[PDB]
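This structure is in structure tokens; I'll ask about it shortly.
The chains carry the letters A, B, C, D, E and F, assigned in the order they are written, with residues numbered from 1 in each.
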Amino acid sequence: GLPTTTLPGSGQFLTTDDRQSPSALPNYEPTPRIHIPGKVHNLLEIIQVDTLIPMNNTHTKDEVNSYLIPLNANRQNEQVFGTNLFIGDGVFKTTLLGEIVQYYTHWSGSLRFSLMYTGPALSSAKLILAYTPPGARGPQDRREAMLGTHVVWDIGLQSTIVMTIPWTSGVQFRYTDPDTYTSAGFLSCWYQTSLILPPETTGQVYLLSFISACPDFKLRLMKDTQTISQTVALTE
Amino acid sequence: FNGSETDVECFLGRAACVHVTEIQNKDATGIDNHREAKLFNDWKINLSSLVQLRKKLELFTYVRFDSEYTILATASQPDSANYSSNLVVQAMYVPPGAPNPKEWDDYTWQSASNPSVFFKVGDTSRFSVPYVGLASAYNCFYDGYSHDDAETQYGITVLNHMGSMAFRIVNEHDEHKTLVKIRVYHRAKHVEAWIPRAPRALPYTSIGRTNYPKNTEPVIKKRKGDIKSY
Amino acid sequence: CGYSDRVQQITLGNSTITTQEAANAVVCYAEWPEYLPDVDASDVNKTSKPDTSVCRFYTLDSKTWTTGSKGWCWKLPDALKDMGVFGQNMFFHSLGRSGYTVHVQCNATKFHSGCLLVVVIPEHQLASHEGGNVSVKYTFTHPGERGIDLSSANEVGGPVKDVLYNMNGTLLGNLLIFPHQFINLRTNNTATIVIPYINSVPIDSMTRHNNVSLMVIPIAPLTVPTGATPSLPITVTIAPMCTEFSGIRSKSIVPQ
Amino acid sequence: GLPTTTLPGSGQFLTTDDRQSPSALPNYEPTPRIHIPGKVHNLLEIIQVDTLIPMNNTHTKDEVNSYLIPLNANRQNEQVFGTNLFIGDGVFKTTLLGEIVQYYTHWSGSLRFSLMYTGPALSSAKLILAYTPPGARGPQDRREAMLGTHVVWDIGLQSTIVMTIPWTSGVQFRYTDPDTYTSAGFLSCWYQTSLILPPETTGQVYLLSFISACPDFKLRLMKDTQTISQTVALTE
Amino acid sequence: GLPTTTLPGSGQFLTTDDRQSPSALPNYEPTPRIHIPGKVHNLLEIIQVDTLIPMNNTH
Amino acid sequence: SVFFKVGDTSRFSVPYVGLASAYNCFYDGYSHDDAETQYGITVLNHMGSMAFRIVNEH
């Protein structure tokens, strides 16, 4: 009674196609839906949390000290931080933002860099931390960083320093293929003055660095995510 | 955006190859190759095999599925030549809390209320098994044993079992060789996740037990030089 | 007048703690510890209400944060086993609903430099010291009041004591999507986490099931000024709030 | 005129799928539907009936005395009943509630235990019967049972004793796989006093025990129900 | 439930036939459409321009 | 990835997978003055990569 045609692409098996399929248990009430806290609808609220950054991961075996940026006394106009802002590579790879951006593809959005001091109450220091945009060669000292968009937010009365990281569109998005190009962004910190330790301190103090994404974040295409060239078929 | 790209439903709802297997049908007993991978196969479904070696689901703690197993069966023995003459394959979703076949010509292929399908080799079959969970969500990441009493098995926690797939052939006549490869693709619908969880460092070493493997290599990368970048 | 921090009497049952320095509060999620799992069964209720007599601030033993220290881990519903009316309700019944309020306090002078991370991890499954296809047999898991005591107390047969993998295979700085607050000795000396009940089953045995591991871990090492003691104390108090049990007019006696 | 596609899962034969199929007798009036009594729409009204429990099934060959709980004189603070409340196993297996719960799977609901005395009119006795919930070790004597939720409803003026059995959710339902765990519930009875027989009675009196389900009962998934590892293909 | 027939010309593959086909990327926002000048809708406005004629192409 | 019988077809619809807002079929410029990806072939506005194989044995 109903005439119909064929379509090329018959017997097709798209893996990815959303088609309603009939039920093997057509009449079965499941265990009913209850309310449990922390309901999630999006990975944006997953990556809204400042995790931490391993910056002092320059020791061989991985320990707790991988996150402690070491601060000594009587050093000024010299290096504290320094990083390429290529998330999914280098030191940002093993953050939660790390494997999330390793999951997808081309991304967009501003960030929320945070920074926090671990030292004595009666200690003071001035730390210039500077951002240089992608496509610009990063500064070589405290001088050239100060001519950049320098941030002090000093140590001695304030511990938690947050700086937003504005995003700039390059070729419409961010390159997500493995290269060591140097146009990803650059953040680094310098002693504006020497660290003033309290008397008979005799050691080191440290900083703690966090990273996350502002609500402006964007994730566009999805990828396979090998990361180990993965194949294990072990079942029990 | 309210677009289903970075949400949870698009995140886990893709279809992935789990449980490659290879069966045949020969005779009642015939040549002594009966039990291991021939004449039938049971899986005891567990997404613990190759959801990228348990990663995106392990990123959360509590999930709820609505599964769509799409069984792709094919004739490894040259289908182009023959070895496909009405080779009807029988799949079967044995629900949790039901006895498992361990023989090809066994009673629980035809028993009562065990959802079994039949399709031609080289074609597919689409399911929709609802959320068969003991708890209100799938406890993918659970702390606790089953009892302080008799205690079922161990903290593998197979109490929130999902099911058990069984595959076999309804055919006869040992004079010849055939071989059938069966490849099931799980797809989860209406995925509701809860309680985000920090990701693993290594690829795992066990199913169910959250053990981190010994003898590890450094999962994090050394700086290229010093804290001085570039 | 001047500084007016919320240090007034939080008295509760036998407990009169009221020791709050910078009394800011972080709750686990948007959900408060709430009593009612439902409304009714359209029936007259004899529902077990022990919140009149369970809501005490059951403190723990104090633990000494030395420079050579790594961390401490208590399994939260099973830390309070051999103690209180809550523990005797735990063995006395089987199933119970227990939201918690954890107040970790660290005595520290002005001169001590260091930072701590408290973190509340729901359903923290453990990684073994064997590290194979076997874990702890749940004798070494939850000693109760003593914790796993990750600080250089290595053992055999049970859980691992590796602090970067935090008995989980996860990573240390990556752990903060769990509820957490940093104890910074520049800023604060205490931390509070408000834990609502969390389980896929609405009512559950706490003798069998370990809901929450509580970890207090030093991210930055403690540098005391020299000539002082190289040790600082950690005190943790638990106030189980809006706590419910199941075995109403049922339980006679089980000794163990 | 009507373009159409394929669907994977074509030529599928779901055994369980409700599809309307064409009629082999497309035009045939059947024998018409008349009214006959006892119309049934549900197994709930099947299992609403107190059948009986074989409790004295401790003799080898099965006889009528399998249901007669034996009551003697001059015994007190000692055992009368005793059972694990695992329906589908033990002594409840061969009740109607028995093969019904062997039919389905995971179940829920309160019960209606009944109890009835078979003795002389001029006889008296006090019988404590006690329930202990699943997850609790059952009492060892009349003392420990009395500290439980003890029920007397004595003998001498009242014969029919009914006790509801409240259901408590364990891990969301009841375990329906064959194990001998001891967290299924426990009901047992004790002589509070000795049985007072009438003069020159010289024998035994018995009790009769029934079981059914209250309307709160629930049956959720269906199973194959081997029970004998069943296969017979005999046709005549 | 829905009876149907066949049509001769089944399994046909017209190269030129406009049929809507399912998406390999069913959920993916592309790089969005911006305005750039010189939008063209027809070859008529292509051939509206006087180009030139090679007439002394006899070398 | 799709699966179909030999001698039959399969129809796709890949959306506009372009780095730029239009496909730069005719582009002047390299990829960088920096590391510089390859050359002014300009494979930066890549469209995709089709892969074909057989799942069989013996």
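FYI, a contact is a pair of C-beta atoms (placed from the backbone, for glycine too) under 8 Å apart; a residue touches a chain by one contact, two chains touch by 3 or more.
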{"item": "Path length in the contact graph (subunit C to subunit F, fewest steps)", "value": "2"}
{"item": "Chain occupying the most central position, where position means C-alpha average", "value": "B"}
{"item": "Separation of mean Cα positions, subunit F and subunit B [Å, integer]", "value": "32"}
{"item": "Subunit B and subunit C, separation of their C-alpha mean positions in angstrom", "value": "37"}
{"item": "Rounded Å distance, subunit A centre to subunit D centre (Cα mean)", "value": "60"}
{"item": "Between subunit A and subunit F, centroid-to-centroid distance (C-alpha), Å", "value": "29"}
{"item": "In subunit D, residues with contacts to at least two other chains", "value": "2-4, 7-10, 14, 16, 135, 171-173, 221"}
{"item": "Touching two or more other chains - residue numbers and ranges from subunit F", "value": "3, 5, 8-9, 11, 19-21"}
{"item": "For subunit C, residues contacting two or more additional chains", "value": "164, 171, 174-175, 177, 198, 200-202"}
{"item": "Chains that touch, pairwise", "value": "A-B, A-C, A-D, A-E, A-F, B-C, B-D, B-E, B-F, C-D, D-E, E-F"}
{"item": "In the complex, subunit C residues that touch subunit B", "value": "75, 122-128, 130-135, 138, 160, 162, 164-165, 168-171, 174-175, 177-178, 198, 200-202, 207-211, 213"}
{"item": "Interface residues, subunit F side, partner subunit A - complex", "value": "1-5, 8-11, 19-21, 32, 34-35, 37, 44"}
{"item": "Partner subunit A, residues of subunit C touching it in the complex", "value": "28-31, 70, 110-115, 163-164, 171-177, 182, 184-187, 196, 198-200, 202, 218-220, 223, 225-227"}
{"item": "Touching residues (chain side subunit F, partner subunit E) in the complex", "value": "8-9, 11-22"}
{"item": "List of subunit A residues in touch with subunit E within their complex", "value": "1-10, 14, 16-18, 172-173, 220-221"}
